[PDB]
Amino acid sequence: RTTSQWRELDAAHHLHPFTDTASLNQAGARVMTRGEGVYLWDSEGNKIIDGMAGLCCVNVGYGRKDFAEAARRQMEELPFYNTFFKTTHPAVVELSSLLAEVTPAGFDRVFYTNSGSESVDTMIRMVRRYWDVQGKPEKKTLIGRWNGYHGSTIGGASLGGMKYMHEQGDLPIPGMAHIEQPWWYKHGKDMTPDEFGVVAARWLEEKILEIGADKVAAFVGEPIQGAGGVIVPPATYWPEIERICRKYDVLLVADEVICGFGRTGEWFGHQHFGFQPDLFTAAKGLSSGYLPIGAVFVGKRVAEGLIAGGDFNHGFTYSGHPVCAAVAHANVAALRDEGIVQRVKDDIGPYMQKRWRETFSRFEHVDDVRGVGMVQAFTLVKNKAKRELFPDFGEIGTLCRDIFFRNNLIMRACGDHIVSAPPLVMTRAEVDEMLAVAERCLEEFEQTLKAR
Amino acid sequence: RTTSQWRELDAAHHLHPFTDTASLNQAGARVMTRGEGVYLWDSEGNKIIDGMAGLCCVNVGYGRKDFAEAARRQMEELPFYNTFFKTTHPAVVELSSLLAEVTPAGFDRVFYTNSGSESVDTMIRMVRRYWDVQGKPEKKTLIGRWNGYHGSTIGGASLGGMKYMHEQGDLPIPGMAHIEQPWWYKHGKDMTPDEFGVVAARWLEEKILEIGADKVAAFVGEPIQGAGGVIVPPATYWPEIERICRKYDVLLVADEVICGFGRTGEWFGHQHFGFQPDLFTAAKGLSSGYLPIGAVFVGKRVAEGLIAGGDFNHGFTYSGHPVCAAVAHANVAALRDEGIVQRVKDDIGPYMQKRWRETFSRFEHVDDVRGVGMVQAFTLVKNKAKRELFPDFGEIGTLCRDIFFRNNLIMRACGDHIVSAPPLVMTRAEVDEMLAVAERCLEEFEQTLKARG
Ligand SMILES: *Cc1c(COP(=O)(O)O)cnc(C)c1O
Ligand SMILES: *Cc1c(COP(=O)(O)O)cnc(C)c1O
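Residue numbers (full-length UniProt numbering), protein chains in the order written: chain A, 5 to 456; chain B, 5 to 457.
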């Protein structure tokens with residue numbers, strides 16, 4: 005099968021996520037065939053640096069034959085059994101046991117899904133059921149943020165703050181509210197980041213008092229907003245959000261679907277930013293994307309609420325899927341026992357953050373260079389001196405991302421934010437290779453900017 | 005690693021779908037370890053007949069080493085790449101091509117998910133986006149049925165008609181409405197099933213006219229209601245539903261998550277019942293449950309509408325997952341090339357339906373014996389003569405289901421409906437084994453009914 009034949013069949017038969025089908029079919033899809041470590045090969049034999057780890061999820065890198073062996077052996081013994089008929093199976097029990105050891109104290113119970121989107125729907129039903137068991141049936145509104153991403157179910161798209169998702173499906177659904185994101189570069193006016201952190205967090209208080217605290221169930225946030233452009237909030241933000249939630253008896257929910265399983269150098273983003281959520285959602289790096297699996301980690305107080313309520317009429321055919329559970333077990337055992345998470349905290353994370361700032365800080369149309377552990381970003385700007393963004397935010401990002409893609413480097417644009425989230429196993433040498441290619445692409449970018 | 009230790013760790017750490025955690029933890033979870041053909045083994049070494057094919061999904065049976073090999077090979081070459089960055093990969097392209105050959109003509113385009121629940125959410129967003137592209141932004145209400153099941157996302161639970169799901173989450177969401185289900189035994193009054201089929205279908209028209217047709221986007225149904233108790237509608241129902249949809253310019257959606265990939269002896273339930281939906285949802289049997297994967301099959305009309313609209317701001321990280329796609333490809337290739345679906349239509353389906361009626365018709369507390377292909381059911385009743393159901397629908401079903409489970413037979417109760425959906429590869433001899441155990445369980449059931457007044 006040629007590149008041509010794969011493109012024609014893709015065009016004729018496959019509808020892609022978050023894509024304009026007509027424009028993709030006219031352009032021709034890029035066909036990825038093989039992965040190894042931090043590298044991909046396409047159908048034309050291009051070797052590509054995957055600076056996005058599939059979709060911020062291939063945390064141990066490509067080529068784990070041990071994961072394929074764990075999948076094969078589980079699929080041969082018991083490919084599926086359901087967790088609905090008062091039934092369980094070894095793989096889901098062993099994974100649940102291992103996950104309780106790497107999650108913080110008070111996170112003993114896990115509910116399994118197929119995806120981050122399903123984890124978020126589960127978390128919404130759980131937080132509403134929790135407040136019904138407490139005898140507060142009005143306490144149902146969840147608060148999220150503009151430019152937050154919580155997946156693509158009806159519930160997750162509603163809780164997310166992407167207007168472009170709201171406009172497709174009549175979203176958000178009721179009992180959903182949104183506050184502004186803690187994007188210092190745009191909203192931080194004449195304030196330091198730390199001052200801005202407190203102002204941005206107090207938008208949650210303003211929103212709670214406008215709705216009424218007795219109607220507010222939860223505040224939900226990514227510790228770092230991922231799909232929104234790696235928006236790293238100031239150090240003062242999360243402690244103030246937490247204070248506000250505790251003051252108004254609002255559950256605090258971390259969406260750990262990106263940050264989870266080592267991306268920040270801690271096991272979870274909320275540990276890096278110093279807040280204690282009541283629940284958190286995970287997927288992606290839970291299996292390093294080798295198989296679909298998600299989870300909701302339920303803290304003791306919410307777990308006791310759900311259990312005291314009797315039947316929880318929620319769950320998926322493939323909840324606790326044995327093969328997915330065996331793969332997630334191999335992945336979490338590798339992250340811990342091979343020191344991959346520890347390595348992000350004390351070796352590759354500090355190296356990446358230093359080298360990312362050394363590489364990009366000098367460019368005249370780059371600003372707000374930021375990141376932690378192995379997630380990093382910057383913003384393309386029209387005038388750095390005035391902190392002026394390009395108009396039609398996203399047009400210049402597209403141009404830069406296409407230069408990267410043409411030069412066999414995967415880094416993505418969210419608007420005019422450029423983001424990177426490579427495999428956590430990336431070597432220092434591979435960080436320097438990636439940065440040399442990105443640096444040359446940015447010199448091409450600046451020259452092309454001036455040329456128009 | 006003992007039964008004991010697995011039960012303690014499950015109790016301490018695992019929250020199960022659709023379960024009362026406190027009551028499960030006190031009872032102890034039954035630990036399933038091994039599967040082969042139609043059989044399971046538990047941690048105590050019980051050999052069990054799986055009359056439910058996992059959860060109506062393990063259509064080719066347990067023990068396909070070829071599927072494990074396809075998974076292993078794909079996971080070694082390219083375990084994951086996303087379909088978001090103007091990117092694709094061979095496994096999803098090959099699966100999409102094979103799926104177009106086994107779907108009806110005019111279903112060329114497939115959107116991939118991880119689950120039937122995500123397929124249903126995708127279908128809701130697609131139906132609403134379609135009507136926006138047509139310039140009809142109020143055409144947004146989807147109609148389902150009481151006792152319909154459309155999964156467990158907020159969207160799917162809303163569209164489904166399980167009040168026990170609606171009461172947890174403040175559901176349904178807006179633009180969801182429900183009509184009564186075509187359950188002849190309960191609602192069919194003085195009528196033949198065929199007459200009742202027309203009346204039950206016309207409840208859709210009455211509901212469309214009550215809401216206003218310009219506000220109605222779609223009618224969605226399972227060809228056979230699965231989780232609701234294998235409610236098999238009369239032959240007249242689906243053609244009338246389709247007429248009503250066409251009359252009022254309402255999209256017709258089949259939820260094929262159970263019926264799909266051969267359960268009825270056709271590839272899809274809507275083919276057996278003789279209706280042409282505009283879209284249908286699939287999962288379960290798509291991979292025979294060997295890996296999580298769902299899909300929405302989009303007909304030409306809706307595909308043209310979605311494509312004319314430009315960006316579809318919808319999809320999942322694991323949409324088109326390569327390993328799941330390679331396994332789904334092996335499963336659909338086996339269903340077609342090994343004659344498994346054809347064998348349901350021609351051989352095992354007719355045998356099961358005949359033997360199911362022969363076995364269960366004689367019992368004084370069994371009525372409405374029904375089924376098609378390899379899905380079958382009956383209803384436990386208080387008084388057969390008067391067609392009276394037990395009060396507290398579900399209590400007598402629980403008793404019967406527990407007798408089955410205690411006798412190493414998995415058949416489920418939905419309320420007082422007993423349901424069976426075994427692997428499609430079940431032999432005639434395995435059908436007779438399953439029915440002999442179920443028949444003895446029903447004699448025990450009747451005796452303990454009478455004993456306990
Ligand atoms: C990717 C993502 C999700 C959704 O996960 P799927 O597995 O794509 O359904 C949810 N929340 C966040 C923060 C994510 O980054
Ligand atoms: C099982 C089922 C679903 C939901 O599928 P998951 O894969 O459990 O999310 C949806 N619709 C019908 C008819 C089903 O039977």
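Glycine included, every Cβ here is placed at the ideal spot set by N, Cα and C.
Check whether residue i and residue j have beta carbons under 8 Å apart
| i | j | result |
| --- | --- | --- |
| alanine 221 of chain B | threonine 145 of chain B | yes |
| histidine 333 of chain A | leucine 163 of chain A | no |
| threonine 87 of chain B | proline 21 of chain A | yes |
| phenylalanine 84 of chain B | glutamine 172 of chain A | no |
| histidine 369 of chain A | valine 234 of chain A | no |
| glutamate 40 of chain B | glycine 58 of chain B | no |
| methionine 56 of chain B | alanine 433 of chain B | no |
| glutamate 244 of chain A | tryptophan 207 of chain A | no |
| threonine 157 of chain A | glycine 192 of chain B | no |
| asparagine 118 of chain B | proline 326 of chain A | no |
| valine 137 of chain A | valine 257 of chain A | no |
| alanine 442 of chain A | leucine 403 of chain A | no |
| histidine 18 of chain B | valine 336 of chain A | no |
| residue 459 of chain A | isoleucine 53 of chain A | The displayed coordinates of chain A run from 5 to 456. Any statement about residue 459 of chain A would go beyond what the structure contains. |
| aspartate 371 of chain A | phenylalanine 382 of chain A | yes |
Backbone secondary structure at residue i - three-state DSSP
| i | result |
| --- | --- |
| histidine 333 of chain B | helix |
| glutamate 40 of chain A | strand |
| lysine 349 of chain A | helix |
| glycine 375 of chain A | strand |
| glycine 401 of chain B | helix |
| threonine 268 of chain B | coil |
| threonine 145 of chain B | strand |
| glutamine 78 of chain A | helix |
| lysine 386 of chain A | strand |
| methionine 180 of chain A | strand |
| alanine 231 of chain A | coil |
| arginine 250 of chain B | helix |
| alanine 433 of chain A | helix |
| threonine 91 of chain B | strand |
| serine 424 of chain B | strand |
| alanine 239 of chain A | coil |
| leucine 295 of chain A | coil |
| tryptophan 45 of chain B | strand |
| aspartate 406 of chain B | helix |
| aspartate 14 of chain A | helix |
| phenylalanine 71 of chain B | helix |
| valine 370 of chain B | strand |
| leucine 413 of chain A | strand |
| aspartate 315 of chain B | strand |
Residue interval of the beta strand (DSSP E) (run including residue i)
| i | result |
| --- | --- |
| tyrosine 116 of chain B | 111 to 117 |
| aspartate 54 of chain A | 51 to 54 |
| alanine 221 of chain A | 220 to 225 |
| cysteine 418 of chain B | 416 to 418 |
Opening and closing residue of the alpha helix (DSSP H) in which residue i lies
| i | result |
| --- | --- |
| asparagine 29 of chain B | 25 to 31 |
| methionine 127 of chain A | 120 to 137 |
| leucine 290 of chain B | No alpha helix (DSSP H) contains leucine 290 of chain B, which DSSP labels as neither H nor E. |
| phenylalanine 301 of chain A | Counting along the chain, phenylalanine 301 of chain A falls outside any alpha helix (DSSP H), though it belongs to the beta strand (DSSP E) covering 298 to 303. |
| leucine 175 of chain A | From DSSP, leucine 175 of chain A is part of no alpha helix (DSSP H); its letter is neither H nor E. |
| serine 101 of chain A | 94 to 106 |
| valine 203 of chain A | 197 to 215 |
| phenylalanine 277 of chain A | 273 to 277 |
| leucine 393 of chain B | No alpha helix (DSSP H) holds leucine 393 of chain B; DSSP gives it neither H nor E. |
Ligand 3 heavy atom lying under 7 Å from the CB of residue i
| i | result |
| --- | --- |
| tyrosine 85 of chain A | Absence of ligand 3 from the depicted structure is noted, with ligand 1 and ligand 2 being the only ligands included. |
> Do the stretch 294 to 306 of chain A and the stretch 106 to 120 of chain A make contact, defined as three or more Cβ pairs closer than 8 Å?
Replying inline: Contact holds between the stretch 294 to 306 of chain A and the stretch 106 to 120 of chain A, because three or more Cβ pairs, one in each stretch, are under 8 Å apart.
> For the stretch 259 to 269 of chain A against the stretch 347 to 356 of chain A, are there 3 or more C-beta pairs whose distance is under 8 Å?
Replying inline: Yes: the two stretches touch, three or more of their Cβ pairs being nearer than 8 Å.
> If we count Cβ pairs, one from each stretch, closer than 8 Å, do we get three or more for the stretch 119 to 126 of chain A versus the stretch 282 to 302 of chain A?
Replying inline: Flag = yes, the stretch 119 to 126 of chain A and the stretch 282 to 302 of chain A touch.
> Taking three-plus beta-carbon pairs below 8 Å as touching, is the stretch 193 to 203 of chain A in contact with the stretch 239 to 249 of chain A?
Replying inline: The stretch 193 to 203 of chain A, when compared against the stretch 239 to 249 of chain A, does touch it at the 8 Å Cβ threshold.
> Is there contact between the stretch 425 to 445 of chain B and the stretch 35 to 52 of chain B, where contact requires at least three CB pairs shorter than 8 Å?
Replying inline: Three or more beta-carbon pairs drawn from the stretch 425 to 445 of chain B and the stretch 35 to 52 of chain B are found closer than 8 Å, and the two stretches are therefore classed as touching.
> Counting Cβ pairs closer than 8 Å, one from the stretch 143 to 161 of chain B and one from the stretch 210 to 226 of chain B, do we hit at least three?
Replying inline: Contact check between the stretch 143 to 161 of chain B and the stretch 210 to 226 of chain B: three or more CB pairs, one atom from each, fall below 8 Å, which counts as touching.
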